There are 4 protein chains.
Amino acid sequence: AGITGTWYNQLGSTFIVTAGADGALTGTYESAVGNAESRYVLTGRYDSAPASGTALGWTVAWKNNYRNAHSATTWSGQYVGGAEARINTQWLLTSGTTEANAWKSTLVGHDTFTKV
Amino acid sequence: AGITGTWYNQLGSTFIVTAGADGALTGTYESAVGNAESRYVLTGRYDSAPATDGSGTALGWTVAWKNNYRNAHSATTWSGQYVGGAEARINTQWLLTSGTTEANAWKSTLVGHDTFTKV
Amino acid sequence: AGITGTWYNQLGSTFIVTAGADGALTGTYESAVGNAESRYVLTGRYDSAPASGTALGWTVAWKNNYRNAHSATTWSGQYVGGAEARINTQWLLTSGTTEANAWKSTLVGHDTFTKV
Amino acid sequence: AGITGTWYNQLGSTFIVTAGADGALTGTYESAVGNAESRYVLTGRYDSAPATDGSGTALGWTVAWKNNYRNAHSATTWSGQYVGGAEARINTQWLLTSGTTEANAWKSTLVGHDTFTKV
Ligand SMILES: O=C(O)c1ccccc1/N=N/c1ccc(O)cc1
Ligand SMILES: O=C(O)c1ccccc1/N=N/c1ccc(O)cc1
Ligand SMILES: O=C(O)c1ccccc1/N=N/c1ccc(O)cc1
Ligand SMILES: O=C(O)c1ccccc1/N=N/c1ccc(O)cc1
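Each value, and the rule that gives it
- Residues numbered from 1 in each chain as written, not as in the entry; some residues may be left out.
- Chains lettered and ligands numbered in written order.
- Heavy atoms only, no water.
- Helix = DSSP H or I, 4+ residues; strand = E, 2+ residues; numbered from the N terminus.
- Rg over C-alpha atoms; globule rule 2.2 N^0.38 Å.
- Contact = heavy atoms within 4.5 Å.
- Buried area = accessible area lost by both parts, 1.4 Å probe.
- Salt bridge = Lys/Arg side-chain N within 4 Å of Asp/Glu carboxyl O.
- Polar contact = N/O pair within 3.5 Å; in protein donor to acceptor, adjacent residues only side chain to side chain.
- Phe/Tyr/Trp six-rings, centres within 6.5 Å; stacked < 30°, edge-to-face > 60°.
- Buried < 20%, exposed > 50% of the residue type's maximum accessible area, 1.4 Å probe, protein only.
- Near = heavy atom within 4 Å.
- Areas by Shrake-Rupley, 256 points an atom, 1.4 Å probe, with all protein chains shown as cover.
- Nonpolar A, V, L, I, M, F, W, Y, C, P; charged D, E, K, R; others polar.
- UniProt positions renumbered as here; feature names shortened; annotations may be inferred.

- Its PDB record attributes the structure to X-ray crystallography, giving the resolution as 1.78 Å.

## Remarks on the overall build of chain A
Argument step 1. Assigned secondary structure in chain A consists of 0 helices and 8 strands.
Argument step 2. Order of helices (α) and strands (β) in chain A, N terminus to C terminus: β-β-β-β-β-β-β-β.
Argument step 3. A compact globule built from 116 residues should have a C-alpha radius of gyration of about 13 Å, and chain A, at 15 Å, falls within 12% of that.
Argument step 4. With respect to the principal axes defined by its C-alpha atoms, chain A has extents near 45 × 25 × 25 Å.

## Thoughts on the interface of chain B and chain C
Argument step 1. Contacts between chain B and chain C engage 11 residues on the former and 11 residues on the latter.
Argument step 2. Carbon and sulfur atoms supply 79% of the area that chain B and chain C bury against each other, a total of about 1,000 Å² over both sides.
Argument step 3. Broken down residue by residue, the surface that chain B buries against chain C is led by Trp106, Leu110 and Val111 of chain B, which jointly contribute 57%.
Argument step 4. Inspection of the region where chain B meets chain C yields 0 salt bridges.
Argument step 5. Summed over the shared surface of chain B and chain C, the number is 2 residue pairs in polar contact.

## So, the packing of aromatic side chains
Argument step 1. Within the structure shown, the criterion is met by 48 aromatic pairs over all chains.
Argument step 2. Ring geometry for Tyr29 of chain C versus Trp75 of chain C: centroids 4.8 Å apart, planes at 35°, classification tilted.
Argument step 3. The exposure class of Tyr29 of chain C is buried, given its relative accessible area of 2%.
Argument step 4. Note on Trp75 of chain C: relative accessible area 3%, which makes it buried.
Argument step 5. Put simply, the rings of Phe15, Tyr29, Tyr40, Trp58, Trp62, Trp75 and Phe113 of chain A touch in pairs and so form one group of aromatic residues.

## Notes on the site of ligand 3
Residues and elements named next belong to chain C.
Argument step 1. Near ligand 3, the surroundings consist of 15 residues, among which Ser13, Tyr29, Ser31, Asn35 and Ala36 are the closest.
Argument step 2. In the model, an oxygen atom of ligand 3 is placed 2.9 Å from a nitrogen or oxygen of the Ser13 side chain.
Argument step 3. Within the backbone of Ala36, a nitrogen or oxygen atom sits 2.8 Å from an oxygen atom of ligand 3.
Argument step 4. Compared with its free state, where it exposes 420 Å², ligand 3 has 98% of that area covered by protein.
Argument step 5. Examining the composition of the shell around ligand 3, we find that 3 residues originate from one element, strand β6 (residues 68–80), more than from any other.
Argument step 6. Partitioning the shell around ligand 3 into residue classes produces 8 nonpolar, 6 polar and 1 charged.

## Considering the site of ligand 2
Argument step 1. In the vicinity of ligand 2 lie 14 residues, with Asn9, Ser13, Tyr29, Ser31 and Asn35 of chain B positioned nearest.
Argument step 2. One finds residues of chains B and C in close proximity to ligand 2.
Argument step 3. Within the side chain of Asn9 of chain B, a nitrogen or oxygen atom sits 2.7 Å from an oxygen atom of ligand 2.
Argument step 4. Contacts to ligand 2 include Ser31 of chain B, whose side-chain N or O atom sits 2.2 Å from an oxygen atom.

## A short note on unusual backbone geometry
Residue and element names in this part refer to chain A.
Argument step 1. With phi around 65°, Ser38 is a residue other than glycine that occupies positive phi space.
Argument step 2. Position of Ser38 relative to the elements: it lies in the loop between β3 (24–30) and β4 (40–46).
Argument step 3. On the accessibility criterion, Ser38 (45% relative accessible area) is partly exposed.

## What to know about the pattern of salt bridges
Residues and elements named next belong to chain C.
Argument step 1. Within this structure, the stated rule accounts for 12 salt bridges over all chains.
Argument step 2. For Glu30, the salt bridge goes to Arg39, with nearest N and O atoms at 3.2 Å.
Argument step 3. Using a relative accessible area of 26% as the deciding quantity, one classes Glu30 as partly exposed.
Argument step 4. Classification of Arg39 as partly exposed rests on a relative accessible area of 46%.

## Overview of the UniProt feature "binding site: biotin" in chain B
Argument step 1. When the UniProt feature table is mapped to this numbering, "binding site: biotin" covers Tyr29, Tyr40, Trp78, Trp94 and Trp106 of chain B. In three dimensions, the annotated residues from a span of 78 residues occupy distinct locations, with a maximal C-alpha spread of 27.6 Å.
Argument step 2. Its place among the elements puts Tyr40 of chain B in strand β4 (residues 39–46).
Argument step 3. The class of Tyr40 of chain B is buried, set by a relative accessible area of 1%.
Argument step 4. When sequence neighbours within four positions are dropped, the list of residues in contact with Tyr40 of chain B reads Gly27, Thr28, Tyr29, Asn35, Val63, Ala64, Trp65, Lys66, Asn67 and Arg70 of chain B.
Argument step 5. The exposure class assigned to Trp94 of chain B is buried, which follows from its relative accessible area of 6%.
Argument step 6. Contacts of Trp94 of chain B, omitting those with residues within four sequence positions, involve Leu92 of chain A, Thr76, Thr77, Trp78, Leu110, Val111, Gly112, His113 and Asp114 of chain B together with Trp103 of chain C.

## So, the interface of chain B and chain A
Argument step 1. Across the boundary between the two partners, chain B contributes 44 residues, which contact 42 residues of chain A.
Argument step 2. Buried surface at the junction of chain B and chain A, summed over both partners, amounts to about 3,000 Å²; 58% is from carbon and sulfur atoms.
Argument step 3. Along the contact surface separating chain B from chain A lie 0 salt bridges.
Argument step 4. One can count 15 residue pairs in polar contact joining chain B with chain A.
Argument step 5. Among the elements that make up the side of chain B that touches chain A, the one with the highest residue count is strand β6 (residues 71–83) of chain B (10 residues).
Argument step 6. Residue composition of the side of chain B that touches chain A, by class: 16 nonpolar, 23 polar and 5 charged.

## Points about the side chain of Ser55 of chain B
Argument step 1. With respect to the secondary-structure elements, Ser55 of chain B resides in the loop between β4 and β5 (57–66).
Argument step 2. Engagement of the side chain of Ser55 of chain B in a polar contact is seen with the side chain of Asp53 of chain B, the distance being 2.5 Å.
Argument step 3. Setting aside anything within four residues of it in sequence, one finds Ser55 of chain B in contact with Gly96, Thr97 and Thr98 of chain A.

Right under this line is the structure:
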């Protein structure tokens, strides 16, 4: 509804998503940073009967037919409607590692998405 | 195969998942704590072609806390890695965000960690 | 040096700090949000021989002579100098809880500080 | 008294601290992993008058990874709570931020969790 569309973040990445009546999120993600190229599949869920913003989250595993970074990012946040819609999030990016390096496997950040 | 199955965290929550050959995660989650009752749908992704150096397999999934019985107006995302072996595990870090007004946006997200096992 | 001074964040809070030659950080914090009133003591450390931004962190326990919220926040980030100095951070706020509620003890966020 | 002492995390790092009556934490930290060698100074704060309902005691501390021997140009902050008893513990979540250029600021901070015990 308000969620379905094309969005961009401060890094220049692109998120295209469709919100299903059943609370599913499906689309593709195109990243401006890291070891990535071309599009990647995304899947997520959202509150389909919100009351405040609308809670949602989605994941991307950084593997496609061209590259594999052996990592995955999860974005957790809320959708805020109005004139200028926005998705405020915090993310976790975890890399596959050996046991010895597991302590440094996860990065944390925050991204804000603007609807086109 | 490795990931596909029924898992449990430290709180006693149950995670039932199927890992597709293609990278998809699909299943149901039942929580032991919080404003929840019954099963909830989950969706996620994982690295279907991990490295061959003994590294873990990266993955992540989301659950929106709404079902036929209740709605907490929130969602959690888990990000981590699957570590195979005799006693397999999924080590994660999670973020739970609630829908809030602007005045409360500063305290909308909780952070934690969960360890899943087959027992 | 560049760090010593008065700073403000997006919430309207105030951070007054002095950076010691030995890498110590000392000052007071005045919060615009939560269960807080008047000033609170802060203590931290910073890289006294940086190369990029300057790594630093500080803590505040939300107890003073007037109120006690039974909680503490830790800010971890980097100092970026220039015309307009800034401290970019991510924080963790943990509340004292019973065993049963420990899973919901910690909040995570991000704050940007501007130097006055 | 409860907090004051020598503690160890899961990685084998050593945390030696003194808790002042007033809310101060002061001590030294020795890391088992990462770009570190020897002891590092730490500083923090804690709730000197916790609640009487069986709740934990909130606390936090920072370490900047620079000493007489090396400098990693980074700092970690731990935030958590002390839980007294026969087998006392300090449960935490931590953030490690490295000094980076603007181009790398997106990947400057790592997140994790540590459990400290007296053994
Ligand atoms: O692009 C973002 O918006 C983005 C935002 C948050 C976290 C990660 C991100 N991207 N992370 C990668 C990682 C490995 C790659 O191979 C490609 C992208
Ligand atoms: O249940 C876990 O395993 C679980 C694990 C990690 C983070 C959160 C959790 N659960 N958080 C809730 C929130 C709202 C509810 O209505 C039910 C559960
Ligand atoms: O004010 C900030 O900048 C601030 C920024 C991040 C996290 C917490 C903050 N403040 N958190 C409190 C908590 C309890 C209180 O009693 C008073 C303030
Ligand atoms: O040592 C721990 O217990 C530890 C625990 C939690 C997070 C980080 C840790 N250590 N991170 C480093 C980083 C740079 C160094 O030079 C040495 C250690």
